[PDB]
Amino acid sequence: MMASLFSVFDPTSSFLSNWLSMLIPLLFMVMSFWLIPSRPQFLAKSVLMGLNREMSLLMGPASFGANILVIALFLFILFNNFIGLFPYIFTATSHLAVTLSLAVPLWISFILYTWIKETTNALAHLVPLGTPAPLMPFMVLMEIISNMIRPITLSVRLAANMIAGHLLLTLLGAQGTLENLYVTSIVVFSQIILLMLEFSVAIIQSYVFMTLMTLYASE
Amino acid sequence: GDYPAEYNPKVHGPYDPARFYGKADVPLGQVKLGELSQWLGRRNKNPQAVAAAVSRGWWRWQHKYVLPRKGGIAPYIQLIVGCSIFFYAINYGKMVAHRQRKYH
Amino acid sequence: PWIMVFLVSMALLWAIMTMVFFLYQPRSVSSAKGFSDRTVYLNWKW
Amino acid sequence: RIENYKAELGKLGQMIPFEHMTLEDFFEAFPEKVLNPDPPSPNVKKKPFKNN
Amino acid sequence: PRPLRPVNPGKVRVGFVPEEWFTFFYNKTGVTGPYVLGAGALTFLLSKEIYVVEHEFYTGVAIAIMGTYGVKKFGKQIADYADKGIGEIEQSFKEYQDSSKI
Amino acid sequence: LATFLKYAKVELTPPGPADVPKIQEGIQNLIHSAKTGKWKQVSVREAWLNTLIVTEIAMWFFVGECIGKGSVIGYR
């Protein structure tokens with residue numbers, strides 16, 4: 001009930017810029033040496049092989065070997081949401097260029113490959129199936145607008161979750177005092193509930209974006 | 001991106017990215033600080049050399065905390081605190097601009 | 001500097017993709033069971 | 001063929017055990033390997049390529 | 001030198017700090033040495049405003065409490081699950097070698 | 001944490017006030033070293049150990065500084 005603060009998204013606060021905040025997931029990659037794997041390698045391998053099995057129902061021939069790109073997109077999203085919630089790290093996903101890289105090049109990849117391969121089916125995706133003549137043209141124009149700006153909202157969605165998540169945490173932290181045990185315990189317990197929500201949504205947001213890209217690479 | 005040319009599989013054996021495969025140099029731990037200037041000037045400061053020195057150190061840390069069979073959560077907690085400490089010093093300019101005590 | 005941020009993110013995505021590609025467990029599950037089915041036997045001069 | 005089987009058993013006798021074996025030595029002892037002109041797969045396995 | 005895989009990783013106290021750091025001070029300032037320096041350093045950074053106690057500190061506490069509770073509750077199950085998969089791989093590889101010899 | 005309290009009794013006692021010749025003689029031995037040597041021949045690993053020993057000693061000055069102002073959480 002005291003105050004608030006913002007602006008945790010400055011890339012050049014120091015001469016060692018915040019581009020190193022994107023080079024942090026390279027550390028967490030499980031580099032493998034031995035034949036029999038270690039504990040975290042087997043955990044990571046079991047998770048990824050689990051996701052590959054689940055996505056195998058939705059792969060299709062046009063994404064015959066593009067599942068590596070989808071899984072790499074999943075791990076990149078997860079390590080840019082999980083690492084964005086740790087305290088003294090600037091919110092990388094808040095910067096739109098990360099979200100620009102997330103949605104725009106892959107959407108252009110999928111829409112141009114669809115247009116070159118199946119041009120009539122791509123235009124038929126802009127119409128609801130079995131649409132009569134008087135119901136045709138307004139559905140076509142709106143779905144043209146829909147399919148043009150749908151990945152832009154995907155980029156907004158990935159940004160907005162971590163922006164709203166980090167704004168909520170900074171709000172709860174700034175409205176607490178160290179000296180007051182009652183306020184500190186309330187603030188800490190409120191953030192723990194909020195972090196459990198924010199950790200859960202971050203994993204689920206990465207899971208749905210893998211599912212959406214697997215569906216849209218199948219076609 | 002290849003195995004370093006100083007590596008010999010016949011003498012050393014299989015490759016190990018945590019072992020320095022050049023000439024066996026005396027490490028800085030046993031330098032009596034009278035050879036400190038000589039030791040620092042002898043080791044080259046190429047971008048290639050420091051990048052290889054980082055990877056040889058990183059794989060040494062993997063060999064001590066992850067690559068053993070019963071690797072616990074301790075490496076992954078050390079990295080988080082290590083990155084948080086390093087990124088707090090980077091964002092020190094924004095943090096110290098607010099502070100808490102007017103005099104301290 | 002959106003261009004530099006985009007390039008780093010894409011280069012990271014390529015580096016994560018390569019790390020995933022080699023992240024696997026090779027297995028050797030080809031025993032000598034087929035060798036036991038190759039019993040070469042002489043035709044008898046009846 | 002007996003000498004071939006004896007040579008194969010000699011290879012298995014001289015093979016280092018799979019417990020303390022580096023991944024490069026597993027690729028060296030079993031030359032099936034993987035490289036650039038190799039069948040790609042999300043998990044490079046024995047038969048992940050055709051499956052049709 | 002043939003690289004031999006160790007069974008247990010390096011010794012670690014207080015969750016993440018290396019034990020090689022703590023034993024480095026034993027010959028001069030004993031066991032209490034590293035803890036004294038750590039307590040003094042934490043006091044110095046808080047007192048001289050080097051460690052800014054801002055809103056993110058409470059998030060840092062909340063992560064630390066959640067991480068300790070989550071690891072202590074599920075660490076044994078996950079490590080046993082991973083060790084189960086390693087044992088199945090080890091059993092698979094040793095059975096392949098025995099079947100090939102037979 | 002009784003053993004932590006036990007070790008605190010063993011090796012956090014105030015130093016012997018009778019050691020005043022025995023600490024200045026060591027200081028004078030270090031002064032004898034200071035213009036002559038005993039630091040250009042000490043291993044960097046042990047030299048880094050010696051510097052952190054001084055760092056451990058110098059931290060008590062800031063601990064005493066927090067005591068002299070009362071509360072240790074900044075200036076109250």
Side-chain angles (χ1 to χ4, degrees), chain A residues 5-29 75-99 101 159 162-163 165-170 172-174 191 195 198-199 202, chain B residues 54 57-58 61 65 73-100, chain C residues 1 4-5 8-9 11-12 15-16, chain E residues 15-18 38 41-42 44-46 48-67:
Chain A
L5 209 57
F6 51 87
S7 181
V8 215
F9 349 98
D10 186 21
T12 50
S13 299
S14 181
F15 282 97
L16 278 179
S17 181
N18 292 84
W19 68 297
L20 290 185
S21 171
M22 316 141 194
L23 305 184
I24 254 48
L26 286 184
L27 302 192
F28 285 166
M29 299 192 324
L75 294 186
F76 169 67
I77 288 182
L78 196 64
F79 289 163
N80 276 31
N81 293 22
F82 248 58
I83 225 64
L85 283 174
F86 286 88
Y88 304 140
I89 292 178
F90 108 97
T91 311
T93 41
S94 61
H95 286 200
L96 279 79
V98 183
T99 72
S101 58
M162 198 42 65
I163 288 173
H166 195 52
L167 276 174
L168 255 300
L169 293 185
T170 47
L172 262 53
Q191 288 211 52
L195 276 173
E198 281 309 310
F199 271 0
Chain B
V54 163
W58 174 260
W61 178 81
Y65 281 77
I73 208 59
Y76 290 84
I77 301 305
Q78 185 181 349
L79 290 177
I80 276 301
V81 173
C83 290
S84 173
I85 283 182
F86 195 86
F87 279 0
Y88 175 70
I90 290 180
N91 211 19
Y92 197 18
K94 283 290 185 177
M95 286 291 181
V96 86
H98 161 247
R99 276 187 165 180
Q100 185 61 38
Chain C
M4 300 181 181
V5 177
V8 169
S9 58
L12 171 68
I16 293 180
Chain E
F16 52 88
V17 191
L42 173 60
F44 163 71
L45 297 189
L46 288 170
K48 256 298 179 183
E49 274 290 330
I50 302 186
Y51 188 93
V52 180
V53 186
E54 223 189 21
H55 15 88
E56 300 89 0
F57 166 70
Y58 298 157
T59 301
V61 173
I63 278 184
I65 298 307
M66 171 176 311

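Residue numbers start from 1 in every chain, and the chains themselves are labelled A, B, ... in the order their sequence lines are given, proteins ahead of strands. Side-chain atoms are counted along with the backbone in the values below, which use heavy atoms only and exclude waters and symmetry mates.
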Expected output: side-chain [X] to main-chain [Y] donor-acceptor under 3.5 Å:
X       : Y      : answer
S9(C)   : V98(A) : no
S84(B)  : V81(B) : no
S101(A) : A97(A) : yes

Separation between [atom1] of [X] and [atom2] of [Y], rounded to the nearest 0.5 Å:
X       : Y      : atom1 : atom2 : answer
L75(A)  : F28(A) : CG    : CZ    : 13.0 Å
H166(A) : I89(A) : NE2   : CD1   : 10.0 Å
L16(A)  : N91(B) : CG    : CG    : 12.5 Å
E54(E)  : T59(E) : CD    : OG1   : 10.5 Å
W58(B)  : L26(A) : CH2   : CG    : 9.5 Å
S14(A)  : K94(B) : OG    : NZ    : 12.5 Å

Is the shortest heavy-atom distance from the side chain of [X] to the side chain of [Y] under 4.5 Å?
X       : Y      : value
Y88(A)  : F57(E) : yes
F199(A) : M66(E) : yes
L169(A) : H55(E) : no
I24(A)  : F86(B) : no
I63(E)  : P87(A) : yes
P11(A)  : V5(C)  : no
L46(E)  : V53(E) : yes
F87(B)  : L20(A) : yes

Do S21(A) and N18(A) have side-chain N/O donor and acceptor atoms under 3.5 Å apart?
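Distance-only check fails for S21(A) and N18(A).
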
Start with the C-alpha gap between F44(E) and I50(E), add the side-chain angles, then the distance that decides, and say whether side chain to side chain contact (heavy atoms under 4.5 Å, CB included) holds.
CA-CA 8 Å; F44(E) 163 71; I50(E) 302 186; 3.6 Å; yes

Can you spot which of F9(A), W19(A), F90(A) makes a ring pair (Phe, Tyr, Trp, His ring centres under 6.0 Å) with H95(A)?
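With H95(A) as partner, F9(A), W19(A), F90(A) yield a single ring pair (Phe, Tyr, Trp, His ring centres under 6.0 Å), made by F90(A).
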
Determine whether the aromatic ring centres of residues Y76(B) and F16(E) are separated by less than 6.0 angstrom.
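Ring-ring flag for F16(E)/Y76(B): false, centres at least 6.0 Å apart.
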
Run the side chain to side chain contact (heavy atoms under 4.5 Å, CB included) check on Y51(E) and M95(B) step by step: do they pass?
CA-CA 9 Å; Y51(E) 188 93; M95(B) 286 291 181; over 6 Å; no

Can you name the closest pair of heavy atoms from [X] and [Y] and give their distance?
X       : Y      : value
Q191(A) : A62(E) : CB-CB, 3.9 Å
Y88(B)  : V52(E) : OH-N, 2.6 Å
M22(A)  : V8(C)  : SD-CG1, 4.0 Å
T93(A)  : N80(A) : CG2-O, 3.3 Å
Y65(B)  : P75(B) : O-CG, 3.3 Å

Check the pair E56(E), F86(A) against side chain to side chain contact (heavy atoms under 4.5 Å, CB included), reporting the backbone distance first and the verdict last.
CA-CA 8 Å; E56(E) 300 89 0; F86(A) 286 88; over 6 Å; no

Going through the distances and angles, do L12(C) and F76(A) end up as a side chain to side chain contact (heavy atoms under 4.5 Å, CB included)?
CA-CA 8 Å; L12(C) 171 68; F76(A) 169 67; 3.5 Å; yes

